[PDB]
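Peer 1: End of the sequence shown = 233 in the authors' numbering, gap-free, step of one.
All C-beta atoms, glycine included, are put in the ideal place defined by N, C-alpha and C.
First, the structure itself, so that you have it in front of you.
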Amino acid sequence: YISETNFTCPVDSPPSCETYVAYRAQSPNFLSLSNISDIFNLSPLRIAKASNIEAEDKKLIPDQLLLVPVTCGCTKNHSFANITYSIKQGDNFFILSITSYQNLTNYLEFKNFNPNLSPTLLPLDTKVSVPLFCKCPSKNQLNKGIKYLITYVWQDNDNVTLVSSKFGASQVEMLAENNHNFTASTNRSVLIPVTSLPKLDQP
Ligand SMILES: *[C@@H]1O[C@H](CO)[C@@H](O[C@@H]2O[C@H](CO)[C@@H](O[C@@H]3O[C@H](CO)[C@@H](O)[C@H](O[C@H]4O[C@H](CO)[C@@H](O)[C@H](O)[C@@H]4O)[C@@H]3O)[C@H](O)[C@H]2NC(C)=O)[C@H](O)[C@H]1NC(C)=O
Ligand SMILES: *[C@@H]1O[C@H](CO)[C@@H](O[C@@H]2O[C@H](CO)[C@@H](O[C@@H]3O[C@H](CO)[C@@H](O)[C@H](O)[C@@H]3O)[C@H](O)[C@H]2NC(C)=O)[C@H](O)[C@H]1NC(C)=O
Ligand SMILES: *[C@@H]1O[C@H](CO)[C@@H](O[C@@H]2O[C@H](CO)[C@@H](O)[C@H](O)[C@H]2NC(C)=O)[C@H](O)[C@H]1NC(C)=O
Ligand SMILES: *[C@@H]1O[C@H](CO)[C@@H](O[C@@H]2O[C@H](CO)[C@@H](O)[C@H](O)[C@H]2NC(C)=O)[C@H](O)[C@H]1NC(C)=O
Ligand SMILES: *[C@@H]1O[C@H](CO)[C@@H](O)[C@H](O)[C@H]1NC(C)=O
Ligand SMILES: *[C@@H]1O[C@H](CO)[C@@H](O)[C@H](O)[C@H]1NC(C)=O
């Protein structure tokens with residue numbers, strides 16, 4: 031569980047909020063909003079309206095950035111988004127972590143979220159609980175403009191200026207929530223504190 035960002039719950043705030051998760055359209059199997067919505071249990075309209083997308087049915091581009099609505103809850107001082115998912119042929123907790131859910135979750139947390147189920151083999155159409163990293167804003171963050179801490183998987187050769195510009199987030203606010211140089215969080219989930227849902231650049 032190497033990730034230089036603490037997803038621990040808030041002491042100041044409520045323990046159950048509504049926030050967003052940053053998803054990237056993926057190469058073979060995740061180029062439509064309907065396909066991405068199938069693993070988050072919601073309509074592709076909500077994803078389109080959150081990602082600031084005009085055409086809901088418009089095919090997506092690899093590494094196109096989306097925003098997925100999510101309900102963040104606190105479980106054992108740690109906060110996750112409990113998401114139900116039906117097992118398909120060839121699925122396992124590990125592969126789901128690094129492909130379908132693109133490193134917005136751990137195999138370890140995925141496993142601990144389903145302690146009585148098996149990670150490697152599991153029958154078809156059996157439902158599992160995918161835990162996605164998220165966090166509710168501290169009351170000190172709620173005092174200022176901050177209303178969402180958006181979960182974002184730090185990509186390779188990303189930087190603070192680039193990320194904060196896409197989301198319209200304050201860098202100092204961003205680094206206060208993470209407190210690291212982002213030198214060891216590649217393909218790991220970090221937090222973008224925004225004041226409002228950003229208008230993304232879309233084709
Ligand atoms: C989530 O984060 C994980 C890191 O924890 C990240 O894992 C990476 O996945 C890719 C793809 O599965 C791995 O890339 C492979 O690297 C090996 C050597 O390390 C290569 O041999 C592979 O080469 C090719 O193999 C095929 C031919 O046999 C080709 O047809 C194919 O196109 C491959 O290019 C391949 O490059 C990478 O090693 C891991 N890295 C780690 C540290 O595990 C994963 O990509 C992240 N997921 C997302 C969605 O971002
Ligand atoms: C959304 O996701 C689904 C599944 O995750 C994707 O379905 C896949 O679609 C391709 C073609 O688009 C299928 O390939 C086909 O294989 C059959 C043989 O089974 C062949 O006869 C066809 O000519 C074609 O090559 C693939 O099987 C299918 N996968 C599954 C599991 O059904 C779909 O493409 C995704 N769509 C988007 C927009 O991302
Ligand atoms: C994640 O959510 C699922 C439901 O969406 C939880 O499972 C349910 O738990 C209640 C509590 O008694 C049961 O009545 C339901 O039958 C369960 N549904 C199932 C198992 O599909 C699950 O407990 C949640 N996980 C965590 C870690 O909070
Ligand atoms: C983060 O994930 C990316 C894949 O999205 C990894 O990039 C791949 O790395 C392997 C090994 O060098 C190459 O064979 C692939 O061609 C790379 N994919 C590209 C360039 O699109 C990257 O290595 C991962 N980084 C970490 C730290 O895990
Ligand atoms: C969590 O906060 C503490 C306080 O310094 C420290 O362990 C670290 O900065 C954070 N954790 C990680 C994995 O960065
Ligand atoms: C973004 O930051 C990385 C280092 O984290 C750097 O290598 C890259 O050149 C930067 N890109 C831009 C456009 O400044």
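Is there contact here, the stretch 107 to 116 with the stretch 142 to 159, by at least three beta-carbon pairs under 8 Å?
Peer 2: Segments in contact, yes.
Peer 1: Rounding to the nearest angstrom, what Cα-Cα distance links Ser81 and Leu97 in this structure?
Peer 2: Their Cα atoms are separated by approximately 5 Å.
Peer 1: So if I measure from each beta-carbon to every heavy atom of ligand 2 and keep distances below 5 Å, which residues remain?
Peer 2: Taking each Cβ in turn, the ones that pass are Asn59, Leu61, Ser62, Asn65.
Peer 1: Exposed or buried, what is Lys229 when buried is set at 16 or more other beta-carbons lying within 10 Å of its beta-carbon?
Peer 2: Flag for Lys229 reads exposed.
Peer 1: Hey, could you find the ends of the beta strand (DSSP E) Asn112 is sitting in?
Peer 2: Start and end: 108 to 116.
Peer 1: Could you compute how far the alpha carbon of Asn36 sits from the alpha carbon of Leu221?
Peer 2: Cα-Cα distance, rounded: 9 Å.
Peer 1: So does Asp186 have its beta carbon nearer than 7 Å to some heavy atom of ligand 4?
Peer 2: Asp186: yes, Cβ under 7 Å from ligand 4.
Peer 1: Could you tell me which residues DSSP pairs with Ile222 in its beta bridges?
Peer 2: Paired residues: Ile180.
Peer 1: With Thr191 as the anchor, note down where its alpha helix (DSSP H) starts and where it stops.
Peer 2: That run of the alpha helix (DSSP H) goes 190 to 197.
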